[PDB]
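Residue numbers (the UniProt record's numbering): 403 to 467, 519 to 590.
Quick reminder that beta carbons are idealized off the backbone N, C-alpha and C, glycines included.
One structure is given here, and the rest of the page talks about it.
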RNA sequence: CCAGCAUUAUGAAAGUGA
RNA sequence: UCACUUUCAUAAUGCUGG
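Here's what the structure looks like:
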């Protein structure tokens, strides 16, 4: 329902610009503008985040209402292609502020694999690649 | 700033049907 | 060429924890 979500669904990669910040520090007023379809809209909001919603709203009103495998593919597809339904499992997660390492584990019916990464998605992929490289090719 | 869960849009790969 | 299901990558939004 949000303007920022919708508007960006329809106008990907769009540049919002801050043109002014007025008012006292404890009660700031931000104003953003954007050009779309040749029209420039300007809206203001209490913060930078919202000022944008307010503009995107105004726009919508006008309109109507990476790690890879030799096969050159991500492993987590390949994995699911060969053993459809494999389950992955978070084995370690460390930190909670800046650096965070995750260590997942996928066992192939009989063989198991593990991989660490900064994102869970990444730690998971590495665990796949390893299992794949090691068993299939 | 880092991370997690969820929804929506675009892209790719695998299977089924016409 | 169209529809449905699974997986992944990118983006956006919402909330939570740090």
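Beta-carbon contacts of residue i that lie in its chain and below 8 Å, excluding the five residues immediately before and after
{"i": "residue 450", "result": "420, 432, 434"}
{"i": "residue 442", "result": "435, 436"}
{"i": "residue 562", "result": "536"}
{"i": "residue 520", "result": "527, 528, 575, 578, 579, 582"}
Integer-rounded CB distance, given that residue j should sit under 8 Å from residue i
{"i": "residue 559", "j": "residue 539", "result": "6 Å"}
{"i": "residue 564", "j": "residue 583", "result": "Residue 564 to residue 583, Cβ: 10 Å. No contact."}
{"i": "residue 418", "j": "residue 438", "result": "Not confirmed; about 10 Å, so no contact."}
{"i": "residue 543", "j": "residue 587", "result": "Rounded, the Cβ-Cβ distance is 21 Å, inconsistent with contact."}
Per-residue burial, residue i [other beta carbons within 10 Å of its own, 16 or more giving buried]
{"i": "residue 535", "result": "exposed"}
{"i": "residue 427", "result": "exposed"}
{"i": "residue 522", "result": "buried"}
{"i": "residue 429", "result": "exposed"}
{"i": "residue 532", "result": "buried"}
{"i": "residue 566", "result": "buried"}
Close beta carbons around residue i, own chain, < 7 Å, minus the five adjacent residues each side
{"i": "residue 406", "result": "454, 455, 458"}
{"i": "residue 571", "result": "553, 554"}
Cutoff 6 Å; reference residue i; Cβ partners in own chain excluding five residues on either side
{"i": "residue 424", "result": "431"}
{"i": "residue 554", "result": "547, 569"}
Specify whether the region 574–583 and the region 519–539 touch according to this definition: at least 3 beta carbon pairs, one from each stretch, less than 8 Å apart.
With a cut-off of 8 Å, the region 519–539 and the region 574–583 count as touching, because enough Cβ pairs lie within range.
Tell me the start and end of each unbroken beta strand (DSSP E) in the UniProt domain "DRBM 2" (524–590) that is at least 3 residues and wholly inside, in chain order.
542–547, 554–561, 564–570, all fully within the UniProt domain "DRBM 2" (524–590).
Count Cβ pairs between the region 453–462 and the region 409–429 that sit closer than 8 Å; are there 3 or more?
Yes, the region 453–462 touches the region 409–429.
Complete runs of the beta strand (DSSP E) confined to the region 422–459 [at least 3 residues]
Entirely contained in the region 422–459, the beta strand (DSSP E) runs reaching 3 residues are, in chain order, 431–438, 441–447.
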